[PDB]
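Asks: I have a structure here, written as structure tokens, and I will follow up with some questions on it.
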Amino acid sequence: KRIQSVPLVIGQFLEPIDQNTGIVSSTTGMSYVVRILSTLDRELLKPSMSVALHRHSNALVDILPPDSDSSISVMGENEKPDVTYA
Amino acid sequence: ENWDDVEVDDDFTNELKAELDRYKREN
Amino acid sequence: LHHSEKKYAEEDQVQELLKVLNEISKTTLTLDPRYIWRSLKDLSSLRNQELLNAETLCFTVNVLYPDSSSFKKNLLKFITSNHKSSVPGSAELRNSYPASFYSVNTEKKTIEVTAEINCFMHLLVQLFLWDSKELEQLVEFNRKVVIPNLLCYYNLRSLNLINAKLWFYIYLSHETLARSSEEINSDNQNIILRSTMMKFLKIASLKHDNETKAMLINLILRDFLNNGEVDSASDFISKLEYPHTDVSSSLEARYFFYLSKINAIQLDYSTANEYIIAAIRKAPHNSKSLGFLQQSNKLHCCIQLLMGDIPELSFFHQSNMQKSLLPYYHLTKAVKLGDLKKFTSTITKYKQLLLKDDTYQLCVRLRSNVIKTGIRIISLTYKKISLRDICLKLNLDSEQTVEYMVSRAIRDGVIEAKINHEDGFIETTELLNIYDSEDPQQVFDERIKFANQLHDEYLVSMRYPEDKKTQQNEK
Amino acid sequence: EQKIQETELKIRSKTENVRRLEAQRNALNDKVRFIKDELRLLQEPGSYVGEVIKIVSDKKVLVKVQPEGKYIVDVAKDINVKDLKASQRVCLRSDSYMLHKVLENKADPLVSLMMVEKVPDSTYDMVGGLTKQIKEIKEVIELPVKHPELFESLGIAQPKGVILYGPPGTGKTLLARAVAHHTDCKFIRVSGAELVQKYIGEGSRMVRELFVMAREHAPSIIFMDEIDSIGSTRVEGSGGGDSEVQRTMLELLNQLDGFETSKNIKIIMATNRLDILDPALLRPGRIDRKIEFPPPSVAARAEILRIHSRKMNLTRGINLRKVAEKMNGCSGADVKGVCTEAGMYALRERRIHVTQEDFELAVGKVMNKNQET
Amino acid sequence: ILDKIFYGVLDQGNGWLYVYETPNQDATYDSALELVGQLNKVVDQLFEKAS
Amino acid sequence: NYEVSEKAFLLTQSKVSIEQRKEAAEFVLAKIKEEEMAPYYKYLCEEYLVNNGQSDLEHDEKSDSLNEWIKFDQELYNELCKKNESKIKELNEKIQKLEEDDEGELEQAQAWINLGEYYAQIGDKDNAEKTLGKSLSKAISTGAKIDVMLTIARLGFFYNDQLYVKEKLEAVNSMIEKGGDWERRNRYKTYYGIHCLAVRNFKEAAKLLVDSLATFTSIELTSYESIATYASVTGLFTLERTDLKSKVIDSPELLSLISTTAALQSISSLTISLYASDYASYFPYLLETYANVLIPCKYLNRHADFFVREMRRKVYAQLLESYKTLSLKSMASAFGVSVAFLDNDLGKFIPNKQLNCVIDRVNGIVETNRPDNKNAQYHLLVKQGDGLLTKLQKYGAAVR
């Protein structure tokens, strides 16, 4: 419960150091060393991906998907079209 | 693997079924 | 020529003796010499043929002989001794060393080395007797010696593993003498053999030796089946003194084989069917165990036929031993079809082969199972069937005869049907639909503990070696 | 005396029951050390990354901070202040604003398609098949990069840059990974689109990242995009895109030999013409060689068809030389389609193998298929 | 019925009919398919690496 | 060489007409002059006895036969030495000159391969593998790899060997694995299912026969109608009614096999009667399938009664699934059988645990037994406990 709970923030993973130790980059512009999740070690840890962190304690939470949604260069996506095939 | 390979039957070969063709016309 | 032959084998005999000598002196290592003694039986048997018999002559001269001077001469007397440097004291390998059994302190009787030397001396004597197949006077003479000597000595935890293998040679050499020739001295000699087993079994129960009690019970249960006394075997197996922990798999398979034959004549095959399966699983598949696998596989087919169930034909086919399983194959087909003349002619020709394993008496009960199985085949396939329809198939006697045979199997719940005399046809009472009942649940609760049975016998075995692993210094 | 001995035998039996305590104690200590490591790591003040600049006689070292700026901290007890050199990556705690630990020294800036890999999966059997193709790669690439003592013994400089020539459809993009795979060298893909941004300072430092990365990673192979005109990946530069950054990019290309003086750096470039880029690239340190891919001649294209026939499924009686004579000037891109279309008819035949009759219909199709539009 | 179109069975003797639901079972024994696969391979590696 | 073994197979057991052996004797007499059949020609009387096996003029002199053309004469004795000198001795000296002059490498390997085919013409299996053994070391591509398998494949059809053949085919595929076309792959697949017909592996023989194409013809090893019979007939006994609809009765290939050769009458007469649920005429189709197809074929004589009886078990099983019960007059009468013969058919099917049903006498109602809620969680689930209990403690009880 102390790893995640309610508070969560967005961050970008950069390079690890030790087990449950890694260097990331947050959205505030200041990089901090967080605690990698016990599940993520090597094969499950991607070299560079946007992840989730903790507000204060700054601990790794979850790996966020590479969302392309932004305010510039928006590419539309249709989910379950209703058009009948053929 | 039980009651299968070597015991076989020693019936149902020829003479038993050969008569069955005559029974169709006897009804 | 002959001098170099005597010193070569004795050096190898002392080399194997010094290994187990220093291990029993410090604390208790006795688990380690038990593994060495397993290969000692095979390495000595091959060595006995080479370098003639003279390896055991100079070994007695090396150490001190409490009883063993006249025993070698008596063993060499039957073979028409050829004397070459046979005067005692010719070969001295001691030369005053601590591991050599220093002579001055030994001859002055200030220290006792006889404990480990004498008990080890009787082991090498019994090996040459079974190898050379020496019988008659040499069998009884050595029996009068070892047994009184074991009662005088106090066997520690390590010492109880010495004579544990000697009890097998006492019973084996006596049975080979009885089957060779029968006399009044053979029956009276087995009386003392049965008396000695009961006296030492109480002593072995106090020391709690796993291999000793495993060897005795296997030899004691076999004597009960030879005389055909159930009351002696029934009370003996009720104590359950046989340890299942450290006993070898070969000694376990022999234990489950005896329980299958005991419960066979007691008309309870539910437990006996599991004992014959456990005897095969615990027995190795190698060639030296083929003698046990040959007899155990012949008993499994006899237990099934007496239950009403018919064993699979692939057992008589894919196996490589089917040459000896041919007599039991004809009994398989005769029970199915219910032919009365086929069963009578089957046991007549093969009666000579059934006399060796004493399974011909069990074939007498198979005469009834031929009809009992044929009724089960027609009752399961045909629910409502008339009274005279059965007599036309199996060629029975009359309608009153088949009416009594069907009512016999419903006692134990075999056929599970009813006989209606008013309507005149037999109807099967099994509608299945037992999925909603609690009968499958009784087996479910048992299989929960069956998985946990291997759990408590395993986790303990992980830390068992780890002690000596972590105590030794690692690089 | 047997009453004491028999009673003592129970102690030896219960001794093996003590062994169960060691299994539970070791399993318990694993949980104690786990939670003990948690409490220390629950509260993390955080630490950023910084580079050592210079040292001061006051036993305090200057460390440059990217988001903030140069700031002087206090060295730790296990970290030497004199051993810290320029451009040294170290760890600085954000709470006390002091030196924390020392990291490994390597170049790892923002990576968009810049990731340096090792032995990518490719082989000379797939995209190969020409004698001059492999022969030109060996002397121009394998000799200087793998054995630099060959050119140093002759007193001559080793080749660095190279330009590829040939008809469209070469397929050198997949061959670039085969070069680094068989030579045991690292592959580097350079994309000019991701190295150019509108923010102030991005048009310079992002190219400087490639300039600094090539110093420590020099024993590798660099592959550049956006300049390739030869038909593998066809860009042919950008009119407005390369009209500015070219001064901050192509200038640092020659600085490797002149300033960095680093060897074993192979710059793989390709184009059919020099127009938008620097006309002076032909000078050494930028373009050291010109390799021309031989056109798919009769002998060259015949061995290309034998390449696909190994991975594909062909029947007996198929003449691989006769099929190559039925087509005209099919490059590596056209041969794959004739083989792909040959397998298309096999799907309509409900056959796992491509019959010889499918090749006759594949030649008369793909040749007329590529001609349309 | 053999084509799995209509689910049901008739009665020839009395001329009656019976009700037959489409699902014949649940997923139970499928869980044992993964256990039998591991016990026929890993267990073989348990004895080989130990011996 | 399979054309000789296929026709001469009728000389073993013929319960219908002698002319089947006389017509097949023309192929034996015609092919023996071109290629020497002596190992198989003598193997005719040494394989099966008490039919044609008692007629020999060489080993044991007796005459009992329905065909008198299997006896030796002075013509085959002279041609035995002529084929050995012309096809071997003449061509062995030419290859011997190539080994002394040291001309090429692979060309010398192909010389022993081409010469090795002449040993199959004279019927020498010992020197056939010896010539290929010298060219085996020089073999690289599939040209010389398959030719070695060809001689091994002849051991199965010509010499009637189901053991040493399939063992060598698995070793050649493990050496150089390519597969070429479907016909080169069927030699590692279709023939594998043929050897499984002898040991009676049930579906294991028909696994690779269904996926095999109907265009496979090896000539000397096998013919077009030979694979057409083994693929279509065996696939009917294996695949259940679910797979019979989308594979057997409807196929782009199998339908062309029985349409070209009308002597099959298997995938048509049997499948249509099972699809139309008419079992009155389905029974006599088994006789034409057993007598005119199963018996004359070589590898289809291994099972014998295991063919029709399995269909006699499955023919009623389809009727039991479509009705909760059954009438006696519609089964033991309308289907052409009788009361006593139907009771003997289904009498041994139930106790073998292959199917489950209920039979009545007074009412004469055949009721179908259904698992209902039992299915695989009743027996198989309970059996799974002891199934994995023994194998789990087998290696655990021995420790190290």
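If you're wondering about the labels, chains in the structure tokens are A, B, ... by order shown, residues count from 1 in each chain, ligands from 1 in order shown.
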Quick one: everything within 10 Å of residue 224 of chain F, counting only C-alpha atoms, minus sequence neighbours fewer than 4 positions away in the same chain. Send it as a list in words.
Replies: residues 214, 215, 216, 217, 218, 219, 228, 229 and 257 of chain F
Asks: Now that the selection is made, can you save its residues with N, CA, C and O atoms as a tab-separated table (two decimals), in the first residue's frame?
Replies:
```tsv
chain	number	residue	atom	x	y	z
F	214	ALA	N	-2.46	-36.49	-52.62
F	214	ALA	CA	-2.83	-37.65	-53.41
F	214	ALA	C	-2.05	-37.76	-54.71
F	214	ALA	O	-2.27	-38.71	-55.47
F	215	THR	N	-1.16	-36.82	-54.99
F	215	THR	CA	-0.36	-36.83	-56.21
F	215	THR	C	0.96	-37.57	-56.05
F	215	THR	O	1.77	-37.58	-56.98
F	216	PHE	N	1.19	-38.20	-54.90
F	216	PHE	CA	2.47	-38.84	-54.61
F	216	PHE	C	2.54	-40.19	-55.30
F	216	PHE	O	1.74	-41.09	-55.01
F	217	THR	N	3.49	-40.34	-56.22
F	217	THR	CA	3.73	-41.60	-56.91
F	217	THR	C	5.23	-41.84	-56.99
F	217	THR	O	5.95	-41.05	-57.62
F	218	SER	N	5.70	-42.91	-56.36
F	218	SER	CA	7.12	-43.26	-56.37
F	218	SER	C	7.48	-44.34	-57.39
F	218	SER	O	8.65	-44.73	-57.46
F	219	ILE	N	6.51	-44.81	-58.18
F	219	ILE	CA	6.74	-45.89	-59.14
F	219	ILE	C	7.26	-47.10	-58.36
F	219	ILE	O	6.51	-47.71	-57.60
F	228	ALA	N	-3.22	-43.92	-52.96
F	228	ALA	CA	-4.63	-43.53	-52.96
F	228	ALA	C	-5.47	-44.43	-52.07
F	228	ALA	O	-6.42	-43.96	-51.44
F	229	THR	N	-5.14	-45.72	-52.00
F	229	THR	CA	-5.89	-46.63	-51.15
F	229	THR	C	-5.48	-46.50	-49.69
F	229	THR	O	-6.35	-46.49	-48.80
F	257	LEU	N	-9.74	-39.57	-56.39
F	257	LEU	CA	-9.12	-40.89	-56.36
F	257	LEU	C	-10.13	-41.99	-56.63
F	257	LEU	O	-9.87	-42.91	-57.42
```
Asks: List the neighbours of residue 30 of chain E out to 12 Å using only C-alpha atoms; skip same-chain residues closer than 4 positions along the sequence, and give me the result as number ranges by chain.
Replies: E: 25-26, 34-37; F: 376-377, 380-381, 384
Asks: Return as a ChimeraX atom specification the full set of residues in segment 105-251 of chain D whose backbone-based DSSP assignment is helix (DSSP H, G or I).
Replies: /D:131-146,149-153,172-182,202-216,246-251
Asks: Export, as a short mmCIF file (atom, residue, chain, number, x, y, z; two decimals), in the first residue's frame, the selected residues with C-alpha atoms.
Replies:
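Written output follows (result-v3.cif):
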```cif
data_model
loop_
_atom_site.label_atom_id
_atom_site.label_comp_id
_atom_site.auth_asym_id
_atom_site.auth_seq_id
_atom_site.Cartn_x
_atom_site.Cartn_y
_atom_site.Cartn_z
CA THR D 131 31.00 -11.40 -55.50
CA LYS D 132 31.90 -7.70 -55.72
CA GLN D 133 29.30 -6.86 -53.06
CA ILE D 134 31.06 -8.83 -50.31
CA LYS D 135 34.56 -8.15 -51.68
CA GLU D 136 34.17 -4.37 -51.48
CA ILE D 137 32.78 -4.57 -47.93
CA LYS D 138 35.78 -6.55 -46.67
CA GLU D 139 38.58 -4.19 -47.69
CA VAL D 140 36.66 -0.96 -47.04
CA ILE D 141 35.09 -2.01 -43.70
CA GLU D 142 36.51 -5.23 -42.21
CA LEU D 143 40.20 -4.44 -42.80
CA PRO D 144 40.44 -0.95 -41.20
CA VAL D 145 37.93 -1.54 -38.39
CA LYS D 146 38.89 -5.04 -37.26
CA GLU D 149 47.44 -2.41 -37.82
CA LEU D 150 47.21 -3.21 -41.55
CA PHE D 151 47.05 0.44 -42.65
CA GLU D 152 49.27 1.63 -39.78
CA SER D 153 52.05 -0.72 -40.90
CA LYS D 172 21.71 -2.01 -48.08
CA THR D 173 19.66 -1.11 -44.98
CA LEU D 174 19.46 -4.75 -43.90
CA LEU D 175 23.05 -5.30 -45.05
CA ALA D 176 24.24 -2.58 -42.66
CA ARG D 177 23.21 -4.81 -39.75
CA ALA D 178 25.05 -7.77 -41.30
CA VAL D 179 28.24 -5.69 -41.37
CA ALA D 180 28.17 -5.10 -37.61
CA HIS D 181 27.01 -8.67 -36.89
CA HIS D 182 29.87 -10.59 -38.53
CA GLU D 202 18.51 21.57 -29.67
CA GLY D 203 19.91 22.14 -33.17
CA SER D 204 23.42 22.06 -31.65
CA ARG D 205 23.63 19.88 -28.52
CA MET D 206 21.64 17.02 -30.08
CA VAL D 207 24.28 16.78 -32.81
CA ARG D 208 26.96 17.21 -30.15
CA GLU D 209 25.45 14.16 -28.44
CA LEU D 210 26.40 12.11 -31.51
CA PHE D 211 29.81 13.81 -31.44
CA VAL D 212 30.47 12.86 -27.82
CA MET D 213 28.89 9.39 -28.09
CA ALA D 214 31.29 8.37 -30.88
CA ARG D 215 34.33 9.02 -28.64
CA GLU D 216 33.81 6.26 -26.06
CA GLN D 246 24.22 21.05 -42.10
CA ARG D 247 26.68 23.54 -40.59
CA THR D 248 26.31 22.03 -37.10
CA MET D 249 26.33 18.42 -38.38
CA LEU D 250 28.71 17.95 -41.33
CA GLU D 251 31.30 20.12 -39.56
#
```
Asks: Neighbours of residue 63 of chain D within 7 Å (only C-alpha atoms; same-chain residues fewer than 5 positions away dropped), as a ChimeraX atom specification?
Replies: /D:50-53,70-72
Asks: Those same residues, written as a PDB file, in the first residue's frame with N, CA, C and O atoms?
Replies:
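Result file selection.pdb:
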```pdb
ATOM      1  N   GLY D  50      24.840  14.273 -12.593  1.00  0.00           N
ATOM      2  CA  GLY D  50      25.671  15.425 -12.885  1.00  0.00           C
ATOM      3  C   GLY D  50      27.037  14.996 -13.374  1.00  0.00           C
ATOM      4  O   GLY D  50      27.441  13.839 -13.223  1.00  0.00           O
ATOM      5  N   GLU D  51      27.748  15.952 -13.968  1.00  0.00           N
ATOM      6  CA  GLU D  51      29.057  15.713 -14.558  1.00  0.00           C
ATOM      7  C   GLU D  51      30.108  16.529 -13.819  1.00  0.00           C
ATOM      8  O   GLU D  51      29.892  17.711 -13.531  1.00  0.00           O
ATOM      9  N   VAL D  52      31.242  15.897 -13.521  1.00  0.00           N
ATOM     10  CA  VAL D  52      32.327  16.575 -12.822  1.00  0.00           C
ATOM     11  C   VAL D  52      33.029  17.529 -13.779  1.00  0.00           C
ATOM     12  O   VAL D  52      33.319  17.176 -14.931  1.00  0.00           O
ATOM     13  N   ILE D  53      33.306  18.743 -13.307  1.00  0.00           N
ATOM     14  CA  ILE D  53      33.963  19.755 -14.127  1.00  0.00           C
ATOM     15  C   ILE D  53      35.418  19.902 -13.699  1.00  0.00           C
ATOM     16  O   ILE D  53      36.331  19.457 -14.404  1.00  0.00           O
ATOM     17  N   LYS D  70      25.988  24.593 -12.886  1.00  0.00           N
ATOM     18  CA  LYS D  70      27.183  24.193 -12.155  1.00  0.00           C
ATOM     19  C   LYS D  70      27.036  24.492 -10.667  1.00  0.00           C
ATOM     20  O   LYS D  70      26.713  25.615 -10.275  1.00  0.00           O
ATOM     21  N   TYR D  71      27.268  23.472  -9.842  1.00  0.00           N
ATOM     22  CA  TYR D  71      27.168  23.593  -8.396  1.00  0.00           C
ATOM     23  C   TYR D  71      28.247  22.740  -7.747  1.00  0.00           C
ATOM     24  O   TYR D  71      28.497  21.610  -8.175  1.00  0.00           O
ATOM     25  N   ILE D  72      28.884  23.286  -6.713  1.00  0.00           N
ATOM     26  CA  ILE D  72      29.989  22.628  -6.025  1.00  0.00           C
ATOM     27  C   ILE D  72      29.442  21.889  -4.813  1.00  0.00           C
ATOM     28  O   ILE D  72      28.658  22.447  -4.034  1.00  0.00           O
TER      29      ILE D  72
END
```
Asks: With a distance cut-off of 10 Å and only C-alpha atoms, select the neighbouring residues of residue 19 of chain B, excluding the residue or stretch itself and same-chain residues fewer than 3 positions from it, and output the selection as a PyMOL selection string.
Replies: (chain B and resi 14-16+22-24) or (chain F and resi 336-338)
Asks: For a quick check of understanding, using only C-alpha atoms, which of F:343, F:181, F:240, F:372 has the smallest distance to chain D?
Replies: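 Between F:343, F:181, F:240, F:372, the residue approaching chain D most closely is F:181.
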Asks: According to DSSP computed on the backbone, where in segment 270-452 of chain C is there strand (DSSP E)? Give the residues as JSON, numbers by chain.
Replies: {"C": [382, 383, 384, 385, 386, 417, 418, 419, 420, 425, 426, 427, 428]}
Asks: Just C-alpha atoms for this one: save the residues we selected as a PDB file, in the first residue's frame.
Replies:
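New file again38.pdb:
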```pdb
ATOM      1  CA  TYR C 382     -28.172 -56.512 -20.501  1.00  0.00           C
ATOM      2  CA  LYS C 383     -30.371 -54.823 -17.899  1.00  0.00           C
ATOM      3  CA  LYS C 384     -33.662 -56.742 -18.148  1.00  0.00           C
ATOM      4  CA  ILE C 385     -33.025 -60.348 -19.209  1.00  0.00           C
ATOM      5  CA  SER C 386     -35.110 -63.482 -18.744  1.00  0.00           C
ATOM      6  CA  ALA C 417     -29.218 -56.189  -9.481  1.00  0.00           C
ATOM      7  CA  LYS C 418     -32.437 -57.848  -8.333  1.00  0.00           C
ATOM      8  CA  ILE C 419     -34.232 -61.081  -9.227  1.00  0.00           C
ATOM      9  CA  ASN C 420     -37.995 -60.868  -9.780  1.00  0.00           C
ATOM     10  CA  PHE C 425     -36.598 -61.742 -15.432  1.00  0.00           C
ATOM     11  CA  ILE C 426     -33.566 -60.181 -13.757  1.00  0.00           C
ATOM     12  CA  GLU C 427     -33.303 -56.380 -13.795  1.00  0.00           C
ATOM     13  CA  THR C 428     -30.186 -54.313 -13.129  1.00  0.00           C
TER      14      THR C 428
END
```
Asks: Within 12 Å of segment 5-12 of chain B, counting only C-alpha atoms, which residues qualify if same-chain residues fewer than 6 places away don't, as a PyMOL selection string?
Replies: (chain B and resi 18-20) or (chain C and resi 312-318+329-334+336-337) or (chain F and resi 199-200+287+302-309+312+337+341-342+344-345+347-349)
Asks: Would you kindly return, as an MDAnalysis selection string, each protein, DNA or RNA residue with an atom no farther than 8 Å from any atom of segment 51-53 of chain F, considering only C-alpha atoms and excluding same-chain residues fewer than 4 positions away?
Replies: chainID F and resid 11:13 44:47 64:67
Asks: Do a neighbour search on segment 230-242 of chain D at 9 Å with only C-alpha atoms, toss out local chain neighbours closer than 3 positions, and write the hits as number ranges by chain.
Replies: D: 164-174, 192-193, 196, 225-227, 245-247, 270-273, 275-277, 333
Asks: Report as a Markdown table: every residue of chain A with an atom at most 6 Å from chain D, its closest pair of atoms, and their distance in Å to one decimal, counting only C-alpha atoms, with rows sorted by chain and ascending residue number.
Replies:
```
| residue | atom | partner | partner_atom | distance |
| --- | --- | --- | --- | --- |
| A:31 | CA | D:48 | CA | 5.0 |
| A:32 | CA | D:47 | CA | 4.6 |
| A:33 | CA | D:47 | CA | 5.1 |
| A:57 | CA | D:43 | CA | 5.3 |
```
Asks: Please report as a PyMOL selection string which residues of chain C come no farther than 10 Å from chain F, using only C-alpha atoms.
Replies: chain C and resi 248-249+278+281-282+284+376-378+380-386+389+425+427+431-436+440+443-444+447-448+450-451+454+457-458+461
Asks: Export N, CA and C atoms of the chosen residues as a tab-separated table (two decimals), in the first residue's frame?
Replies:
```tsv
chain	number	residue	atom	x	y	z
C	248	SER	N	16.25	-49.98	2.41
C	248	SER	CA	16.47	-49.93	0.97
C	248	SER	C	15.20	-50.31	0.22
C	249	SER	N	15.15	-49.89	-1.05
C	249	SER	CA	13.99	-50.18	-1.88
C	249	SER	C	13.87	-51.67	-2.18
C	278	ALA	N	2.70	-52.04	-5.08
C	278	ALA	CA	3.81	-51.38	-4.41
C	278	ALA	C	5.09	-52.21	-4.47
C	281	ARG	N	6.66	-51.37	-7.89
C	281	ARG	CA	7.16	-50.00	-8.00
C	281	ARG	C	8.45	-49.82	-7.20
C	282	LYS	N	8.55	-50.47	-6.04
C	282	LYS	CA	9.75	-50.35	-5.21
C	282	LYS	C	10.89	-51.23	-5.69
C	284	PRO	N	13.69	-52.56	-8.23
C	284	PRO	CA	14.41	-52.05	-9.40
C	284	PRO	C	14.11	-52.88	-10.65
C	376	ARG	N	-21.36	-61.43	-14.68
C	376	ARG	CA	-21.16	-59.98	-14.65
C	376	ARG	C	-21.10	-59.39	-16.05
C	377	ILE	N	-20.57	-60.13	-17.02
C	377	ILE	CA	-20.50	-59.63	-18.38
C	377	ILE	C	-21.89	-59.48	-18.97
C	378	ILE	N	-22.75	-60.49	-18.78
C	378	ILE	CA	-24.09	-60.45	-19.35
C	378	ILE	C	-25.03	-59.54	-18.55
C	380	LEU	N	-24.16	-56.62	-16.95
C	380	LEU	CA	-23.87	-55.21	-17.21
C	380	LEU	C	-24.30	-54.80	-18.61
C	381	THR	N	-24.15	-55.70	-19.59
C	381	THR	CA	-24.55	-55.38	-20.96
C	381	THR	C	-26.06	-55.47	-21.16
C	382	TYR	N	-26.74	-56.28	-20.35
C	382	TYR	CA	-28.17	-56.51	-20.50
C	382	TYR	C	-28.85	-56.24	-19.17
C	383	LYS	N	-29.70	-55.22	-19.13
C	383	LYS	CA	-30.37	-54.82	-17.90
C	383	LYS	C	-31.48	-55.80	-17.54
C	384	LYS	N	-32.55	-55.83	-18.34
C	384	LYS	CA	-33.66	-56.74	-18.15
C	384	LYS	C	-33.46	-57.95	-19.06
C	385	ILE	N	-33.23	-59.11	-18.46
C	385	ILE	CA	-33.02	-60.35	-19.21
C	385	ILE	C	-33.76	-61.48	-18.50
C	386	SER	N	-34.30	-62.41	-19.29
C	386	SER	CA	-35.11	-63.48	-18.74
C	386	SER	C	-34.23	-64.50	-18.02
C	389	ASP	N	-32.56	-67.24	-20.67
C	389	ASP	CA	-31.63	-66.70	-21.65
C	389	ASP	C	-30.18	-66.87	-21.22
C	425	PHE	N	-37.80	-62.26	-14.79
C	425	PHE	CA	-36.60	-61.74	-15.43
C	425	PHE	C	-35.80	-60.93	-14.43
C	427	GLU	N	-33.46	-57.78	-13.43
C	427	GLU	CA	-33.30	-56.38	-13.80
C	427	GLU	C	-32.13	-55.78	-13.04
C	431	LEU	N	-28.84	-47.36	-11.78
C	431	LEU	CA	-29.26	-46.28	-12.67
C	431	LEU	C	-28.18	-45.22	-12.86
C	432	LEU	N	-27.00	-45.41	-12.26
C	432	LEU	CA	-25.91	-44.43	-12.27
C	432	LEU	C	-26.45	-43.16	-11.62
C	433	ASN	N	-26.21	-41.97	-12.20
C	433	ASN	CA	-26.67	-40.70	-11.63
C	433	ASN	C	-26.16	-40.49	-10.21
C	434	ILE	N	-24.99	-41.05	-9.90
C	434	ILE	CA	-24.39	-40.90	-8.58
C	434	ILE	C	-23.55	-39.64	-8.46
C	435	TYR	N	-23.48	-38.82	-9.51
C	435	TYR	CA	-22.70	-37.59	-9.44
C	435	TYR	C	-23.22	-36.66	-8.36
C	436	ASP	N	-24.54	-36.65	-8.13
C	436	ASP	CA	-25.13	-35.80	-7.11
C	436	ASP	C	-24.99	-36.39	-5.71
C	440	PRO	N	-18.61	-40.13	-4.53
C	440	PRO	CA	-17.32	-39.62	-5.03
C	440	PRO	C	-16.60	-38.72	-4.05
C	443	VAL	N	-13.84	-40.43	-1.82
C	443	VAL	CA	-12.54	-40.59	-2.45
C	443	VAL	C	-11.83	-39.25	-2.57
C	444	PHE	N	-12.59	-38.16	-2.72
C	444	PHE	CA	-11.99	-36.84	-2.86
C	444	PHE	C	-11.26	-36.43	-1.58
C	447	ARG	N	-7.92	-38.31	-1.35
C	447	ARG	CA	-6.89	-37.86	-2.27
C	447	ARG	C	-6.31	-36.50	-1.88
C	448	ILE	N	-6.97	-35.77	-0.99
C	448	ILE	CA	-6.39	-34.54	-0.47
C	448	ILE	C	-5.19	-34.85	0.42
C	450	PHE	N	-3.53	-37.73	0.29
C	450	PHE	CA	-2.55	-38.49	-0.47
C	450	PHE	C	-1.48	-37.59	-1.07
C	451	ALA	N	-1.87	-36.39	-1.50
C	451	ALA	CA	-0.89	-35.43	-2.00
C	451	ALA	C	-0.01	-34.91	-0.87
C	454	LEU	N	3.32	-37.25	0.45
C	454	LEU	CA	4.67	-37.05	-0.06
C	454	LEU	C	5.28	-35.73	0.40
C	457	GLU	N	7.22	-36.42	3.94
C	457	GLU	CA	8.35	-37.33	3.77
C	457	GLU	C	9.45	-36.74	2.90
C	458	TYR	N	9.32	-35.48	2.50
C	458	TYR	CA	10.23	-34.86	1.55
C	458	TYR	C	10.95	-33.65	2.13
C	461	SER	N	13.87	-34.18	4.08
C	461	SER	CA	15.03	-34.75	3.40
C	461	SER	C	15.92	-33.70	2.75
```
